[PDB]
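What follows is one chain in structure tokens, specifically the form deposited in one PDB entry.
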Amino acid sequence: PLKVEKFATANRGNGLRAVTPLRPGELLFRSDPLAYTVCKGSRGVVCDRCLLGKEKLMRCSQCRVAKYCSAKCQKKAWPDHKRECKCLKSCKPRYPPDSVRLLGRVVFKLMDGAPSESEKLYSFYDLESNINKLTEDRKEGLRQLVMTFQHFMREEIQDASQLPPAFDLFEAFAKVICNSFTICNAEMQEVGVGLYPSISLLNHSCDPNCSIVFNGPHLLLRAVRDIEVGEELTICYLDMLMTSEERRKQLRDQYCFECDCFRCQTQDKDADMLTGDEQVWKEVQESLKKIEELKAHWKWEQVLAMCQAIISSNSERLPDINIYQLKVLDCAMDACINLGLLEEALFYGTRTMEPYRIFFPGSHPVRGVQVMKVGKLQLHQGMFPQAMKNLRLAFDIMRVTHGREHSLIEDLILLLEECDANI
């Protein structure tokens, strides 16, 4: 029996609402993707199927584009890769945009696969497209995506007979724009993109009552506040380290709606997020585009070099509560962790702790993972009482946001017992 249900909202299209009272941490829905693929920066870095990292990946011999962590992953992924393999091969060395490879797997899954469990509450055909709200510039971009799809898929799709009935590629890409799920690994690094049509019923809130976490390509939807019967379920579509101005632009450009919530009306936390000299965090925000680009490609040495030039600059510096300064600290922490610079990683990580408590209120999986990384670093140093405090705080958050069904919770339990035995 489902604890959620689809309903027609008053002004947000369709949505999800509770059929029973919900408590923080309660599992509401589980879903594998209808279709998913590794994102551009993690291609060749994580396994195409399980989205886990590895030093040595084996490649598909036919296309040499798909890469896997094991023979089990390569063989199990063959049915959903067989038809895209001929297309990736014949289009070498041109790799398509992530959304184009995603839509190709949607078509193959819809044409050759049994009805997907991911479409139980809501199908790909049901997905919102926002067609009558798209700007002319957006339409032109979609038309280029359509022609990109036709060029990349010509080996396997020649006409509409190879597409599902009444399938419009323009409308399909419009659905992808506002229904794609960025997939992050356990360490909160973006590794993939997928479509989860039942989950696509969740509308947005800048202060939501639900939250999702990814365990590989598997999606877990949990409540993070108390929810009563009939109350709409909401998740936050956006990164928490954004101003209401930045939220307005992305919700307009990507999702075609204006947010009326209390946070956007009052510019909640905007002033604290932009403390420090404006000229400085304008330049830091500029450098962040290259920093986050390099991190998306796992170039940790180059990330750390750019972050140190900001964190330990000779010129004017920013408070750690400034979001762009905070983002540089987070990038520098993750770089040092992957480079084995654990003392320097703890220094940056501990500095993010108080701003993260402010900007990730309640139970948020991003803060839970961040607190776990800091506690794990402190445990390796021998700072046992400080490590336990954070590891228990991480568990307080992640028992709500991740739950028993997420494997990272098992990793945290092992850290908790090892450091508890230490104390």
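The first residue of the sequence shown is number 1, and the count goes up from there.
What comes next is about the form solved in complex with a small molecule, which does not appear here.
Proximity of 65, 67 and 153 to the small molecule in the deposited bound form is absent: no residue of the three has a non-hydrogen atom within 4.5 angstroms. The partner is absent here, but in the deposited bound form a heavy atom of 369, alone among 369, 51, 39, 387, sits within 4.5 Å of the small molecule.
For the options 321, 264, 91, 186, the residue carrying a heavy atom within 4.5 angstroms of the small molecule in the deposited bound form is 186. Heavy atoms of residue 59 never reach within 4.5 Å of the small molecule in the deposited bound form, leaving it off the interface. Within this chain, residue 397 is remote from the site of the small molecule in the deposited bound form, having no heavy atom within 4.5 Å. Proximity of residue 377 to the small molecule in the deposited bound form: non-hydrogen atoms within 4.5 Å are present. The small molecule in the deposited bound form is approached by residue 337, whose closest heavy atom lies within 4.5 angstroms of it. Shown alone, this chain has one stretch from 161-169, 186-194, 311-319, 270-278 that lies within 4.5 Å of the small molecule in the deposited bound form by heavy atoms: 186-194.
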